[PDB]
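A short write-up of the structure that comes next.
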Amino acid sequence: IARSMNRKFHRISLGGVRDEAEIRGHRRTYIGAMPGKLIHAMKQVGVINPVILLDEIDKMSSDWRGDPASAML
Amino acid sequence: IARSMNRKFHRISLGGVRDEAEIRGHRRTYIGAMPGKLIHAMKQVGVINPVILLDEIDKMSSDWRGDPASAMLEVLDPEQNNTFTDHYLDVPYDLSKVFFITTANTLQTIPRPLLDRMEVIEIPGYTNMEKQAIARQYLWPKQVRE
Amino acid sequence: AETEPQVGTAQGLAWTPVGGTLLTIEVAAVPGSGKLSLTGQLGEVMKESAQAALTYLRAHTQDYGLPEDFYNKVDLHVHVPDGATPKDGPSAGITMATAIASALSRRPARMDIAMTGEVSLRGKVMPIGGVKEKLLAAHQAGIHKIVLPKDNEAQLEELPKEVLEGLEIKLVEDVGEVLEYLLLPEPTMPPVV
Amino acid sequence: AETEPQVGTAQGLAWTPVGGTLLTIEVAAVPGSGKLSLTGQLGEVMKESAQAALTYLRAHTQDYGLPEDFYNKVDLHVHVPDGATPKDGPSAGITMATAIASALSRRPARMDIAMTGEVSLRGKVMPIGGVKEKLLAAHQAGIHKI
Amino acid sequence: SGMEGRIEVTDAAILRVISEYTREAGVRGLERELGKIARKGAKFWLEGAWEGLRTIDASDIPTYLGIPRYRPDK
């Protein structure tokens, strides 16, 4: 699909994510805080029209540590 | 392996990495200066050939400071490492002839994209007579010398 | 390893991350009302393996000379020494059935033969994992007979060549083969009841 | 250390991280229907050692003069004083076997001899850990037979 | 794997690998088995030498893969 539309392909891997501090980022009051994984994805491609495949979305675990599939909404 | 290719040898170790900012360094705005742990290894070796050992990939994690597995995907894939940059050096560096060797103990804690870029070699421990042979040939003369 | 046939026990194999070990399964059959105690810090899958082996033996009483009604006259106790180490998985079914059959029929079992494999309810031997560590541990302790599932003969290639010269592996598919090969043919003890 | 031989009581040894102590195991055989109570807030390995010793005694009942049917006529209660102290491990098997056999056979057990060791169903005694602390604790309480 | 074509498998060999070495709904394990065959062919090209195509039929499957670790009869 990426080659047929002539866009850029990039793959975000989920499933190891376990809280919302990597989908959305973290406040820059805390030292060394970084934005989310989609800002990292869209800075690697150089356009505002890539295609991004979110592999293994069903493997995200909600638990005592955090809820990552609340920022996915 | 480094001997049979007339290369030089170096070792790195990834067990400690808790953050992304230990693989790529920091810019010149801060008063101190500490570049990433890769070019910092390649300062110690003279050429751009040598083998680089990567130890315990399966022992690393992240806490609100970025994923080191993305930086490992950047440094290991042979078409993204040709334009691999730093935050301290701020220029693309050539990584095309170093021969990376990776080393782990466990499979289920290696990150999912890094598993696709690897073929696995399992080393099945030892038996008693071959541990006896290793102790006769290699370990006991060393411990006698030092 | 032991060297004497002992009524009520059988030699098995186990897998640890630091290598293989040796399990010994002990079974006693005392007069009672029909119970099944399972001690030795056993996991749940190993308890279910013991229950599957016992249910297989309750359906084939006349095939092995078992007492006709041990389901309500005999209490069974299965103990896996030592008592402080935790144990699991399904690999011990054939050792369970050999120990229980020797304890009920009061005929001894050979202790110079290690064995491994999962049992089903029809008496089929299913393949297991971690085989070469178990075979190394069986070789380093002076055991020269192995009973192994037939679906694991594709697993013997990973052994060192010097190891599998000394061993002689018998491949099985049925539990009746194992009970014919391990038990000594005539009893040595009086019956339970 | 007690001085007189008691019925249904054996002198044991225990290991704590501040030294060793003495265990006393008391049992009672009363007419009932056959069941086993285990008080003293014992651990799980402790209780499994108790019923392994009881299974060994049920298997060999002509050797020691036990009654032929105590599996459905006698209730057994195994108490390890004191309460409000937790106790575990497998090292008290030969002590429970002596205590239960003394309670069932009505023969007194000597109390000037301390014991430790693990029991199995075939009646094999297996090694333990903590021998130095236990034997130093038995020596300063006045016991000279182990 | 560096070969431009010095080695070739047959259709019976493909069905042999599918039915006795993979048990899955997809084609990932089949990919790894074919890559195993190709890499040991690349090793055999350097330790030995030949010419033309090296045809790999079904009976030469267990030389490259070993004793079969599944069975198609279920």
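Each chain in the structure tokens gets a letter, A, B, ..., in the order shown, and its residues are numbered from 1; ligands are numbered from 1 in order too.
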Show which residues sit within 12 Å of residue B:8, as an mmCIF file with N, CA, C and O atoms, in the first residue's frame. Count only C-alpha atoms, and ignore same-chain residues fewer than 6 positions away.
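Output (out37.cif):
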data_model
loop_
_atom_site.group_PDB
_atom_site.id
_atom_site.type_symbol
_atom_site.label_atom_id
_atom_site.label_comp_id
_atom_site.auth_asym_id
_atom_site.auth_seq_id
_atom_site.Cartn_x
_atom_site.Cartn_y
_atom_site.Cartn_z
ATOM 1 N N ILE B 1 36.755 -14.793 16.462
ATOM 2 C CA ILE B 1 36.288 -14.358 15.150
ATOM 3 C C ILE B 1 37.064 -13.129 14.694
ATOM 4 O O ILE B 1 37.446 -13.021 13.521
ATOM 5 N N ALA B 2 37.358 -12.211 15.622
ATOM 6 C CA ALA B 2 38.162 -11.040 15.287
ATOM 7 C C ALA B 2 39.591 -11.409 14.908
ATOM 8 O O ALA B 2 40.225 -10.694 14.127
ATOM 9 N N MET B 42 34.280 3.898 19.700
ATOM 10 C CA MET B 42 35.085 3.949 18.487
ATOM 11 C C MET B 42 36.188 4.992 18.564
ATOM 12 O O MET B 42 37.014 5.069 17.649
ATOM 13 N N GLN B 44 38.285 4.689 21.006
ATOM 14 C CA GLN B 44 39.344 3.862 21.569
ATOM 15 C C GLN B 44 39.982 2.940 20.540
ATOM 16 O O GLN B 44 41.095 2.456 20.769
ATOM 17 N N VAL B 45 39.311 2.685 19.425
ATOM 18 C CA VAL B 45 39.841 1.841 18.369
ATOM 19 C C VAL B 45 40.277 2.748 17.214
ATOM 20 O O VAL B 45 39.755 3.848 17.024
ATOM 21 N N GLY B 46 41.278 2.296 16.465
ATOM 22 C CA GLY B 46 41.894 3.150 15.471
ATOM 23 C C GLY B 46 41.190 3.234 14.133
ATOM 24 O O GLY B 46 41.313 4.253 13.445
ATOM 25 N N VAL B 47 40.448 2.195 13.742
ATOM 26 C CA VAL B 47 39.883 2.106 12.401
ATOM 27 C C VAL B 47 38.367 2.020 12.479
ATOM 28 O O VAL B 47 37.771 2.046 13.556
ATOM 29 N N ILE B 48 37.749 1.926 11.302
ATOM 30 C CA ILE B 48 36.305 1.772 11.182
ATOM 31 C C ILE B 48 35.916 0.354 10.772
ATOM 32 O O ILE B 48 34.755 0.103 10.439
ATOM 33 N N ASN B 49 36.868 -0.580 10.785
ATOM 34 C CA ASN B 49 36.595 -2.006 10.622
ATOM 35 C C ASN B 49 36.015 -2.782 11.813
ATOM 36 O O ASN B 49 35.184 -3.665 11.571
ATOM 37 N N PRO B 50 36.410 -2.516 13.118
ATOM 38 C CA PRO B 50 36.498 -3.624 14.084
ATOM 39 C C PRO B 50 35.172 -4.223 14.507
ATOM 40 O O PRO B 50 34.108 -3.653 14.249
ATOM 41 N N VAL B 51 35.226 -5.367 15.171
ATOM 42 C CA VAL B 51 34.012 -5.985 15.680
ATOM 43 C C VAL B 51 33.641 -5.328 17.003
ATOM 44 O O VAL B 51 34.500 -4.864 17.761
ATOM 45 N N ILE B 52 32.343 -5.234 17.257
ATOM 46 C CA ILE B 52 31.822 -4.619 18.470
ATOM 47 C C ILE B 52 30.887 -5.619 19.126
ATOM 48 O O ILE B 52 29.901 -6.046 18.512
ATOM 49 N N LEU B 53 31.190 -5.996 20.364
ATOM 50 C CA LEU B 53 30.345 -6.914 21.108
ATOM 51 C C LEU B 53 29.267 -6.157 21.867
ATOM 52 O O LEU B 53 29.545 -5.160 22.535
ATOM 53 N N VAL B 98 31.889 -1.816 10.417
ATOM 54 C CA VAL B 98 31.979 -2.494 11.701
ATOM 55 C C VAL B 98 31.082 -3.725 11.682
ATOM 56 O O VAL B 98 30.041 -3.761 11.011
ATOM 57 N N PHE B 99 31.502 -4.757 12.401
ATOM 58 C CA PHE B 99 30.834 -6.053 12.387
ATOM 59 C C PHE B 99 30.254 -6.296 13.774
ATOM 60 O O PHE B 99 30.951 -6.780 14.668
#
May I have the residues of chain A within 9 Å of chain B, counting only C-alpha atoms, written as a count of residues only?
15
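Near chain C, within 9 Å and counting only C-alpha atoms, the residues of chain B are residues 124, 125, 127 and 128 of chain B.
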Keeping C-alpha atoms, export the residues of the selection given above as a PDB file, in the first residue's frame.
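selection00.pdb, written as the output of this step:
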ATOM      1  CA  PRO B 124      23.921 -25.688  25.163  1.00  0.00           C
ATOM      2  CA  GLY B 125      26.030 -25.525  28.334  1.00  0.00           C
ATOM      3  CA  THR B 127      29.237 -31.658  30.279  1.00  0.00           C
ATOM      4  CA  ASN B 128      31.718 -32.790  32.923  1.00  0.00           C
TER       5      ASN B 128
END
Please identify every residue of chain C that has at least one atom no farther than 12 Å from an atom of chain E, counting only C-alpha atoms, and for each give the shortest atom pair and the distance in Å to one decimal, arranged by chain then increasing number, as JSON lines.
{"residue": "C:127", "atom": "CA", "partner": "E:69", "partner_atom": "CA", "distance": 10.9}
{"residue": "C:150", "atom": "CA", "partner": "E:69", "partner_atom": "CA", "distance": 11.0}
{"residue": "C:151", "atom": "CA", "partner": "E:69", "partner_atom": "CA", "distance": 7.7}
{"residue": "C:152", "atom": "CA", "partner": "E:69", "partner_atom": "CA", "distance": 8.1}
{"residue": "C:153", "atom": "CA", "partner": "E:67", "partner_atom": "CA", "distance": 7.9}
{"residue": "C:154", "atom": "CA", "partner": "E:67", "partner_atom": "CA", "distance": 5.1}
{"residue": "C:155", "atom": "CA", "partner": "E:69", "partner_atom": "CA", "distance": 8.2}
{"residue": "C:156", "atom": "CA", "partner": "E:67", "partner_atom": "CA", "distance": 9.5}
{"residue": "C:157", "atom": "CA", "partner": "E:66", "partner_atom": "CA", "distance": 8.4}
{"residue": "C:158", "atom": "CA", "partner": "E:66", "partner_atom": "CA", "distance": 10.9}
Those residues with C-alpha atoms, as a PDB file, in the first residue's frame please?
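As a result, part.pdb now contains:
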ATOM      1  CA  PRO C 127       6.333 -36.031  23.570  1.00  0.00           C
ATOM      2  CA  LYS C 150       8.775 -42.112  19.913  1.00  0.00           C
ATOM      3  CA  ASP C 151       8.076 -38.520  18.855  1.00  0.00           C
ATOM      4  CA  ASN C 152      11.369 -37.374  20.430  1.00  0.00           C
ATOM      5  CA  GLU C 153      13.733 -39.401  18.219  1.00  0.00           C
ATOM      6  CA  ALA C 154      14.124 -36.212  16.165  1.00  0.00           C
ATOM      7  CA  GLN C 155      15.658 -34.669  19.298  1.00  0.00           C
ATOM      8  CA  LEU C 156      18.644 -37.010  19.757  1.00  0.00           C
ATOM      9  CA  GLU C 157      20.747 -35.118  17.203  1.00  0.00           C
ATOM     10  CA  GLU C 158      21.560 -32.349  19.685  1.00  0.00           C
TER      11      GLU C 158
END
Contact residues around residue A:61 with only C-alpha atoms at 10 Å, ignoring same-chain residues under 6 positions, as a PyMOL selection string
chain A and resi 15-19+67-69
Gap from atom CA of residue D:24 to atom CA of residue D:36 - Å, one decimal
18.3 Å
Give me, as a list in words, the residues of stretch 6-73 of chain A that a backbone DSSP run labels strand (DSSP E or B).
residues 8, 9, 10, 11, 12, 13, 50, 51, 52, 53, 54 and 55 of chain A
Which polymer residues have any atom within 9 Å of an atom of stretch 3-14 of chain D, counting only C-alpha atoms, with same-chain residues fewer than 3 positions away left out, as a CSV table (one decimal) with N, CA, C and O atoms, in the first residue's frame?
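This went into result-v9.csv:
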chain,number,residue,atom,x,y,z
D,19,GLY,N,20.6,-18.0,65.8
D,19,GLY,CA,21.0,-19.1,66.5
D,19,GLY,C,20.1,-20.3,66.4
D,19,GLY,O,19.1,-20.2,65.7
D,20,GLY,N,20.3,-21.3,67.1
D,20,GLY,CA,19.4,-22.5,67.2
D,20,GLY,C,18.6,-22.5,68.4
D,20,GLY,O,18.9,-21.8,69.4
D,21,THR,N,17.5,-23.2,68.3
D,21,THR,CA,16.6,-23.4,69.5
D,21,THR,C,16.3,-24.9,69.6
D,21,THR,O,16.8,-25.7,68.9
D,22,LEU,N,15.4,-25.2,70.5
D,22,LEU,CA,14.9,-26.5,70.7
D,22,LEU,C,13.4,-26.6,70.3
D,22,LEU,O,12.6,-25.7,70.7
D,23,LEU,N,13.0,-27.6,69.5
D,23,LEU,CA,11.6,-27.9,69.2
D,23,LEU,C,11.2,-29.0,70.1
D,23,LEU,O,11.9,-30.0,70.3
D,24,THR,N,10.0,-29.0,70.6
D,24,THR,CA,9.3,-30.1,71.2
D,24,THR,C,8.1,-30.4,70.4
D,24,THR,O,7.3,-29.5,70.1
D,25,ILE,N,7.9,-31.6,70.1
D,25,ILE,CA,6.7,-32.0,69.3
D,25,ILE,C,5.8,-33.0,70.2
D,25,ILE,O,6.3,-34.0,70.7
D,26,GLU,N,4.6,-32.6,70.4
D,26,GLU,CA,3.7,-33.3,71.2
D,26,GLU,C,2.6,-33.9,70.4
D,26,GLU,O,2.1,-33.2,69.5
D,27,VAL,N,2.2,-35.1,70.6
D,27,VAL,CA,1.1,-35.7,69.9
D,27,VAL,C,0.2,-36.5,70.8
D,27,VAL,O,0.6,-36.8,71.9
D,28,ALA,N,-1.1,-36.6,70.4
D,28,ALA,CA,-2.1,-37.3,71.3
D,28,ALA,C,-2.9,-38.2,70.4
D,28,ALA,O,-3.3,-37.8,69.3
D,29,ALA,N,-3.1,-39.4,70.9
D,29,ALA,CA,-4.0,-40.4,70.2
D,29,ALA,C,-5.2,-40.6,71.0
D,29,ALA,O,-5.2,-41.2,72.1
D,87,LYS,N,6.5,-21.8,62.3
D,87,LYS,CA,7.5,-22.9,62.2
D,87,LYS,C,7.5,-23.5,60.8
D,87,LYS,O,6.3,-23.7,60.3
D,91,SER,N,13.0,-30.5,58.1
D,91,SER,CA,14.0,-31.2,59.1
D,91,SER,C,13.4,-31.8,60.3
D,91,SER,O,14.1,-32.3,61.1
D,92,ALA,N,12.1,-31.9,60.4
D,92,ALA,CA,11.5,-32.4,61.7
D,92,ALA,C,10.8,-33.7,61.5
D,92,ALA,O,10.1,-34.1,62.3
D,94,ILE,N,12.0,-37.0,61.4
D,94,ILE,CA,12.3,-38.2,62.2
D,94,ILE,C,11.8,-37.9,63.6
D,94,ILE,O,11.6,-38.9,64.3
D,95,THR,N,11.6,-36.7,64.0
D,95,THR,CA,11.0,-36.3,65.3
D,95,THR,C,9.5,-36.5,65.3
D,95,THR,O,9.0,-37.1,66.3
D,96,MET,N,8.8,-36.2,64.2
D,96,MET,CA,7.4,-36.5,64.2
D,96,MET,C,7.1,-38.0,64.1
D,96,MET,O,6.1,-38.5,64.6
D,98,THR,N,9.0,-40.4,65.5
D,98,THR,CA,9.2,-40.9,66.8
D,98,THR,C,8.0,-40.5,67.7
D,98,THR,O,7.6,-41.4,68.5
D,99,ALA,N,7.5,-39.3,67.6
D,99,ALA,CA,6.4,-38.9,68.5
D,99,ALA,C,5.2,-39.6,68.2
D,99,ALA,O,4.5,-40.1,69.1
D,100,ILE,N,4.8,-39.8,66.9
D,100,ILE,CA,3.6,-40.4,66.5
D,100,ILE,C,3.7,-41.9,66.9
D,100,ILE,O,2.7,-42.5,67.4
D,101,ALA,N,4.8,-42.6,66.6
D,101,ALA,CA,5.0,-44.0,67.0
D,101,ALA,C,4.9,-44.2,68.5
D,101,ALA,O,4.4,-45.2,69.0
D,102,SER,N,5.4,-43.2,69.3
D,102,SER,CA,5.3,-43.3,70.7
D,102,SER,C,3.9,-43.1,71.2
D,102,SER,O,3.5,-43.7,72.2
D,103,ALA,N,3.1,-42.3,70.6
D,103,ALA,CA,1.7,-42.1,71.0
D,103,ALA,C,0.9,-43.3,70.6
D,103,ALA,O,0.0,-43.6,71.4
D,104,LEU,N,1.1,-43.9,69.5
D,104,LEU,CA,0.3,-45.0,69.1
D,104,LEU,C,0.7,-46.3,69.8
D,104,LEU,O,-0.2,-47.1,70.2
D,106,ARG,N,2.1,-46.6,72.8
D,106,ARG,CA,2.1,-46.3,74.2
D,106,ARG,C,3.5,-46.6,74.9
D,106,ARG,O,3.5,-46.9,76.1
D,107,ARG,N,4.6,-46.5,74.1
D,107,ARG,CA,5.9,-46.7,74.6
D,107,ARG,C,6.5,-45.3,74.8
D,107,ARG,O,6.4,-44.5,73.9
D,108,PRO,N,7.2,-45.0,76.0
D,108,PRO,CA,7.8,-43.7,76.2
D,108,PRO,C,9.0,-43.5,75.3
D,108,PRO,O,9.7,-44.4,75.0
D,109,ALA,N,9.2,-42.2,74.9
D,109,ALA,CA,10.4,-41.8,74.2
D,109,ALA,C,11.3,-41.1,75.1
D,109,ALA,O,10.9,-40.3,75.9
D,110,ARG,N,12.6,-41.4,74.9
D,110,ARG,CA,13.7,-40.7,75.7
D,110,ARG,C,13.8,-39.3,75.3
D,110,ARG,O,13.8,-38.9,74.2
D,111,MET,N,13.9,-38.4,76.4
D,111,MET,CA,13.9,-37.0,76.2
D,111,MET,C,15.3,-36.4,76.3
D,111,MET,O,15.5,-35.2,76.2
D,112,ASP,N,16.3,-37.2,76.6
D,112,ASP,CA,17.7,-36.7,76.7
D,112,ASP,C,18.5,-36.9,75.4
D,112,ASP,O,19.7,-36.8,75.4
D,113,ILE,N,17.8,-37.2,74.3
D,113,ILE,CA,18.4,-37.4,73.0
D,113,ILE,C,17.7,-36.5,72.0
D,113,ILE,O,16.5,-36.5,71.8
D,114,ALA,N,18.5,-35.6,71.3
D,114,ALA,CA,17.9,-34.7,70.4
D,114,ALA,C,18.1,-35.3,69.0
D,114,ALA,O,18.9,-36.1,68.7
D,115,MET,N,17.2,-34.8,68.1
D,115,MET,CA,17.1,-35.4,66.7
D,115,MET,C,16.9,-34.3,65.7
D,115,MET,O,16.4,-33.2,66.0
D,116,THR,N,17.3,-34.6,64.5
D,116,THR,CA,17.0,-33.8,63.3
D,116,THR,C,17.2,-34.7,62.1
D,116,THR,O,18.0,-35.6,62.1
D,130,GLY,N,22.0,-26.6,58.4
D,130,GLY,CA,22.1,-25.9,59.6
D,130,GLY,C,22.6,-26.7,60.8
D,130,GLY,O,22.2,-26.4,61.9
D,133,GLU,N,24.6,-24.7,63.9
D,133,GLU,CA,23.8,-24.0,64.9
D,133,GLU,C,22.9,-24.9,65.8
D,133,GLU,O,22.8,-24.6,67.0
D,134,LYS,N,22.4,-25.9,65.2
D,134,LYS,CA,21.5,-26.8,65.9
D,134,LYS,C,22.3,-27.6,67.0
D,134,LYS,O,21.9,-27.7,68.1
D,135,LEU,N,23.5,-28.0,66.6
D,135,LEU,CA,24.3,-28.8,67.6
D,135,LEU,C,25.0,-27.8,68.6
D,135,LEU,O,25.3,-28.3,69.7
D,137,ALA,N,23.2,-25.2,69.8
D,137,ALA,CA,22.1,-25.0,70.7
D,137,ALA,C,21.8,-26.2,71.5
D,137,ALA,O,21.3,-26.0,72.7
D,138,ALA,N,22.0,-27.4,71.0
D,138,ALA,CA,21.7,-28.6,71.9
D,138,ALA,C,22.8,-28.8,72.9
D,138,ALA,O,22.5,-29.4,74.0
Pick out the residues sitting within 7 Å of residue A:11, and hand them over as a ChimeraX atom specification; count only C-alpha atoms, and ignore anything fewer than 3 positions along from it in its own chain.
/A:52-54
Kindly determine which residues of chain D lie within 12 Å of chain C, considering only C-alpha atoms, and give the answer as number ranges by chain.
D: 34, 43-61, 68-73, 88-93, 117-129
Please, which residues of chain E lie no more than 12 Å from chain B when the count uses only C-alpha atoms, and can they be set out as a PyMOL selection string?
chain E and resi 28+32+35-36+39
Residue E:33 environment, 10 Å, only C-alpha atoms, sequence neighbours closer than 2 positions dropped, as a ChimeraX atom specification:
/E:17-18,21-22,28-31,35-39,64-65
Include N, CA, C and O atoms and write out the residues we just selected as a short mmCIF file (atom, residue, chain, number, x, y, z; two decimals), in the first residue's frame.
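Contents of the output file part.cif:
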data_model
loop_
_atom_site.label_atom_id
_atom_site.label_comp_id
_atom_site.auth_asym_id
_atom_site.auth_seq_id
_atom_site.Cartn_x
_atom_site.Cartn_y
_atom_site.Cartn_z
N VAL E 17 8.44 -30.19 3.13
CA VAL E 17 8.78 -29.21 4.17
C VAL E 17 7.53 -28.68 4.84
O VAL E 17 7.47 -28.57 6.07
N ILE E 18 6.49 -28.40 4.04
CA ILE E 18 5.22 -27.89 4.58
C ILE E 18 4.56 -28.91 5.50
O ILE E 18 4.15 -28.59 6.62
N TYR E 21 7.57 -30.16 8.57
CA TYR E 21 8.48 -29.31 9.32
C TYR E 21 7.85 -28.02 9.81
O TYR E 21 8.47 -27.33 10.63
N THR E 22 6.66 -27.68 9.35
CA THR E 22 5.93 -26.52 9.83
C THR E 22 4.56 -26.98 10.31
O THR E 22 3.94 -27.85 9.72
N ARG E 28 5.55 -18.31 7.93
CA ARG E 28 6.77 -17.80 8.54
C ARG E 28 7.79 -18.91 8.78
O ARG E 28 8.98 -18.76 8.46
N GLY E 29 7.34 -20.02 9.36
CA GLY E 29 8.22 -21.15 9.57
C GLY E 29 8.72 -21.77 8.28
O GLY E 29 9.86 -22.22 8.21
N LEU E 30 7.87 -21.78 7.24
CA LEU E 30 8.30 -22.23 5.92
C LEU E 30 9.40 -21.34 5.36
O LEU E 30 10.35 -21.83 4.75
N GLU E 31 9.29 -20.02 5.61
CA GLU E 31 10.34 -19.08 5.22
C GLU E 31 11.66 -19.39 5.91
O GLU E 31 12.72 -19.38 5.28
N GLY E 35 15.13 -20.66 4.18
CA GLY E 35 16.36 -19.92 4.43
C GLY E 35 17.47 -20.78 5.01
O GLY E 35 18.64 -20.58 4.69
N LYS E 36 17.11 -21.76 5.85
CA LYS E 36 18.07 -22.73 6.36
C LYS E 36 18.69 -23.54 5.23
O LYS E 36 19.92 -23.73 5.18
N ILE E 37 17.84 -24.00 4.30
CA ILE E 37 18.32 -24.75 3.13
C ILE E 37 19.24 -23.89 2.28
O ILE E 37 20.31 -24.34 1.84
N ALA E 38 18.88 -22.61 2.09
CA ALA E 38 19.69 -21.72 1.25
C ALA E 38 21.04 -21.40 1.89
O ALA E 38 22.06 -21.34 1.20
N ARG E 39 21.07 -21.21 3.21
CA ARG E 39 22.33 -20.87 3.86
C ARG E 39 23.28 -22.06 3.92
O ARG E 39 24.49 -21.90 3.74
N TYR E 64 19.28 -31.62 4.76
CA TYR E 64 19.33 -30.20 5.08
C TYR E 64 18.51 -29.84 6.30
O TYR E 64 18.72 -28.78 6.89
N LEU E 65 17.56 -30.67 6.71
CA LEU E 65 16.68 -30.29 7.80
C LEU E 65 16.70 -31.25 8.97
O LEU E 65 16.38 -30.85 10.09
#
Test item: residues at most 12 Å from residue C:147, only C-alpha atoms, excluding those fewer than 6 positions along its chain, as a ChimeraX atom specification:
/C:11-13,92,94-95,98,112-118,125,127,131,134-135,138,153,167-175,177-179,181-182
Based on the selection just made, write N, CA and C atoms of those residues as a short mmCIF file (atom, residue, chain, number, x, y, z; two decimals), in the first residue's frame.
data_model
loop_
_atom_site.label_atom_id
_atom_site.label_comp_id
_atom_site.auth_asym_id
_atom_site.auth_seq_id
_atom_site.Cartn_x
_atom_site.Cartn_y
_atom_site.Cartn_z
N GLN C 11 12.44 -44.38 38.74
CA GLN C 11 13.42 -43.34 38.49
C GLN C 11 12.99 -42.47 37.33
N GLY C 12 12.96 -41.16 37.54
CA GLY C 12 12.56 -40.22 36.52
C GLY C 12 13.59 -39.12 36.35
N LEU C 13 13.29 -38.21 35.43
CA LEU C 13 14.21 -37.15 35.05
C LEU C 13 13.51 -35.81 35.16
N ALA C 92 6.20 -36.19 33.80
CA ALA C 92 6.46 -37.33 34.70
C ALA C 92 5.37 -38.38 34.67
N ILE C 94 4.76 -41.08 32.91
CA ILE C 94 5.09 -42.52 32.76
C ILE C 94 5.71 -43.02 34.07
N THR C 95 6.42 -42.18 34.80
CA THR C 95 7.04 -42.53 36.07
C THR C 95 5.98 -42.69 37.15
N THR C 98 4.21 -46.09 36.45
CA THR C 98 5.06 -47.21 36.82
C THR C 98 5.12 -47.38 38.34
N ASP C 112 17.48 -49.03 37.53
CA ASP C 112 18.57 -48.67 36.63
C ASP C 112 18.09 -48.06 35.32
N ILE C 113 16.80 -47.76 35.19
CA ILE C 113 16.23 -47.28 33.94
C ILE C 113 15.52 -45.95 34.19
N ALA C 114 16.06 -44.86 33.64
CA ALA C 114 15.35 -43.60 33.70
C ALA C 114 14.28 -43.57 32.62
N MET C 115 13.32 -42.66 32.78
CA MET C 115 12.19 -42.60 31.86
C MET C 115 11.57 -41.21 31.94
N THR C 116 10.87 -40.83 30.88
CA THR C 116 10.20 -39.54 30.81
C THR C 116 9.13 -39.60 29.73
N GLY C 117 8.17 -38.70 29.83
CA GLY C 117 7.12 -38.58 28.84
C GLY C 117 5.76 -38.37 29.48
N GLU C 118 4.86 -37.76 28.71
CA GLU C 118 3.53 -37.41 29.16
C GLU C 118 2.55 -38.52 28.80
N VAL C 125 1.57 -42.18 24.87
CA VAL C 125 2.74 -41.46 25.37
C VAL C 125 2.99 -40.28 24.45
N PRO C 127 4.95 -36.52 23.46
CA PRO C 127 6.33 -36.03 23.57
C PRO C 127 6.52 -34.90 24.57
N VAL C 131 14.98 -32.36 26.43
CA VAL C 131 15.41 -33.75 26.46
C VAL C 131 16.92 -33.93 26.63
N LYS C 134 18.24 -33.64 30.22
CA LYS C 134 17.84 -34.82 30.96
C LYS C 134 18.71 -36.01 30.61
N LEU C 135 19.09 -36.14 29.34
CA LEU C 135 19.94 -37.26 28.96
C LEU C 135 21.37 -37.08 29.44
N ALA C 138 21.20 -38.03 33.07
CA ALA C 138 21.08 -39.47 33.23
C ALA C 138 22.40 -40.16 32.94
N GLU C 153 12.53 -38.87 18.86
CA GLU C 153 13.73 -39.40 18.22
C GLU C 153 14.36 -38.39 17.27
N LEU C 167 24.49 -44.80 26.08
CA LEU C 167 23.07 -45.01 26.34
C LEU C 167 22.48 -45.98 25.32
N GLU C 168 21.40 -46.65 25.72
CA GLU C 168 20.56 -47.38 24.77
C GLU C 168 19.12 -46.95 25.00
N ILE C 169 18.55 -46.30 24.00
CA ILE C 169 17.25 -45.66 24.11
C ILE C 169 16.19 -46.60 23.55
N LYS C 170 15.17 -46.88 24.34
CA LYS C 170 13.99 -47.59 23.89
C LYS C 170 12.88 -46.58 23.63
N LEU C 171 12.29 -46.63 22.45
CA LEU C 171 11.23 -45.71 22.06
C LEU C 171 9.88 -46.41 22.20
N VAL C 172 8.91 -45.70 22.78
CA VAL C 172 7.61 -46.28 23.10
C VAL C 172 6.50 -45.39 22.57
N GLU C 173 5.30 -45.97 22.49
CA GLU C 173 4.09 -45.24 22.15
C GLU C 173 2.96 -45.59 23.11
N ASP C 174 3.11 -46.69 23.85
CA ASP C 174 2.03 -47.23 24.66
C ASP C 174 2.56 -47.48 26.07
N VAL C 175 1.69 -47.31 27.06
CA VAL C 175 2.09 -47.48 28.45
C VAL C 175 2.27 -48.96 28.79
N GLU C 177 3.72 -51.20 26.97
CA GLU C 177 5.12 -51.51 26.66
C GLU C 177 6.03 -51.19 27.84
N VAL C 178 5.82 -50.02 28.44
CA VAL C 178 6.63 -49.55 29.55
C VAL C 178 6.43 -50.44 30.78
N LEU C 179 5.18 -50.81 31.07
CA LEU C 179 4.93 -51.65 32.23
C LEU C 179 5.38 -53.09 31.99
N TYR C 181 8.15 -53.66 30.29
CA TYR C 181 9.60 -53.60 30.27
C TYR C 181 10.20 -53.30 31.64
N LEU C 182 9.47 -52.63 32.53
CA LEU C 182 10.05 -52.22 33.81
C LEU C 182 9.76 -53.15 34.97
#
